Structures are given as C-alpha cells and as structure tokens.
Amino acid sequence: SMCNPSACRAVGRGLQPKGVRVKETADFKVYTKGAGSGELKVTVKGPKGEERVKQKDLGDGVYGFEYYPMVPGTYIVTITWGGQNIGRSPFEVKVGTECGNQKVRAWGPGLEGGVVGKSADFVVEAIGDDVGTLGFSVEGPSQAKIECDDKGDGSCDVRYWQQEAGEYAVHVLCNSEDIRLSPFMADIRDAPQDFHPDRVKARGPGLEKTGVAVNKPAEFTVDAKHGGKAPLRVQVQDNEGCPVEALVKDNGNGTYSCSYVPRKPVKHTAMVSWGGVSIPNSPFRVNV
C-alpha cells in the first residue's frame, strides 16, 4: 500500500520532556504525508489516567493536537502510524506547577522559527533587578551552536546556528528552571533559492538610535528587492514585555512602509525578520 511510519514526524511543545506547566495548552503536530496507507492514533496518559485530546486536521497529512494538563506529574504521549510508534514515541512529558516569580523574559524570531544555515536569534531581558544565572540549550534534529553575550543592560542577545531543517526546542533557564513558555518551539525552514535575508536593509526615522518621539508615527522602510520573496515580520515592544502596535504597508514593489507609535519615552525594541530570519541590525534598540 504501503505503511511506513518512518516517514512520520511528531513535533510540538506538548512532547518535550520538561517545560510544560499546568493550565497551559500542550500542543503538537504529526506529519503523515508520504508514509503510505496507514492509520494515526494519538493517546495521552497522565496521573489521572486518560487525558482529553483535541484533534484538528491541518491538511496535507498534518494533524494538530492539544491536551490540557491540570495536575503536575508525568504524562505519556503515544503516537502510532499503523500500530508502530512514530519517531521517538512514546513521549514522556513531565508537567510542572505554575511558574513562580519570573526574573527574566525572552522574545525574538529565533524562538519562533528560522532558516537552515542562518542565524536564529532572540533577546533575553531582565525583569526587575535580582540577578541570577541564565542557562541556554537547544535540542532538535541537529546540535545547534549557541552564543550569548552578557550586555549588562539587562538584555543579553542569544544566537544559535544549525544546518538542518526541522523544529528545535530552545530552553531559557533562570536558576536552572525553564522560564514561562520555555521551551520555545522554533520552526527552521529550508532556504529558498532567491531569498537573501542578508542585504535586506531597513532604514528610517523609526529605527534610528535616536530621533524617535513618543506619540509620533515613527516610520521606517524595508527595501527588499534583491532578497527573494519571503514573509516580512515586524514586532515592537517597550522595556516591559508589552507589545505596541505596528502597521506594515506592502508598497507592491518589494519595499514596505512600516509604522509604529510609541506610548512611553522608555526604550523600545523593534525586531524585523525577513523569512523568519533577523535582517541586519535587528534587533533595533530605539531610544524613543
């Protein structure tokens, strides 16, 4: 027909051994296209026995799943294609209690996705002023090379590099415990041919080191004519973890007229990724 479970992949935060906490949605996807004629079965076993599992057909042999852990402890996720375990099934998942006082937060394109052979980066900035020890590790189809530089500013930049497509688990640890939402599931894509995230320049008043005022429409342009075709993502937030609104007008030629309005003369951070990869100079730290 013929059944071939080795062509199946099971990825998602709901399958990671550590990091998931109670009252969180534990999500994961299963890829089955190309695995021949078969049958997918997903079971989640917790300390309370059977766990409810919501399934959603994502098209093209991809199926999304969500279970909702309520009590800490060990959960087992069994994923089978024609009676044979898929990938690393069964998955042992240790669900923790509600996270305590967060001393640090993390955001950036490298926590959500990236491109093969390209740098996947994010930033980890301090909450308050109680200093500790930050830990980083990345698990996936290949061993990523991690680099992070303490900046004293309280926000230190983190980068990891790989050369294999797939989903990676990025762990940010504060005093040897996964911070909230850690591990972060990054979807690393294979590089399009014409796509050059390098050379995607973003100039403008809204991105300069100085010169941005509060309640002013701080604009900037993202010229990307020789960068292939790939989605543009603009994300802005202040010194706290609070996002502020961005507006991205596709001007139709390959350039973009981007706008965001700050609402505090406090330092904002504007991240511009092209095809899931930080363009040069991003993260833009703007003294608004």
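So that there is no doubt, residue numbering starts at 1 and follows the sequence shown.
Between 23-31 and 48-56, which has the larger average Cα B-factor in the PDB entry? Taking the mean B-factor of the alpha carbons in each, 48-56 is higher.
Determine, for stretches 229-237 and 255-263, which one has the higher mean CA B-factor as deposited. The stretch with the larger average C-alpha B-factor is 255-263.
Looking at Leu40, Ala224, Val62, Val248, which has the biggest Cα B factor in the entry? Going by the entry's C-alpha B-factors, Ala224 comes out highest.
Looking at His171, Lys118, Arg88, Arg203, which has the biggest Cα B factor in the entry? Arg203 has the highest C-alpha B-factor of those listed.
Quick check for you: using the entry's CA B-factors within this chain, is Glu112 in the lowest, middle or highest third? Middle third of the chain for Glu112's C-alpha B-factor.
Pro280's Cα B-factor: lowest, middle or highest third of the chain? CA B-factor rank for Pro280: highest third.
Third of the chain, ranked by Cα B-factor, where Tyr67 sits: Tercile = lowest for this residue's CA B-factor.
Sorting the chain's modelled residues by C-alpha B-factor, tell me whether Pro217 ends up in the lowest, middle or highest third. It falls in the top third of the chain.
Relative C-alpha B-factor of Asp194, binned into the chain's lowest, middle or highest third: For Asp194, whose C-alpha B-factor we compare with every modelled residue in the chain, the answer is the highest third.
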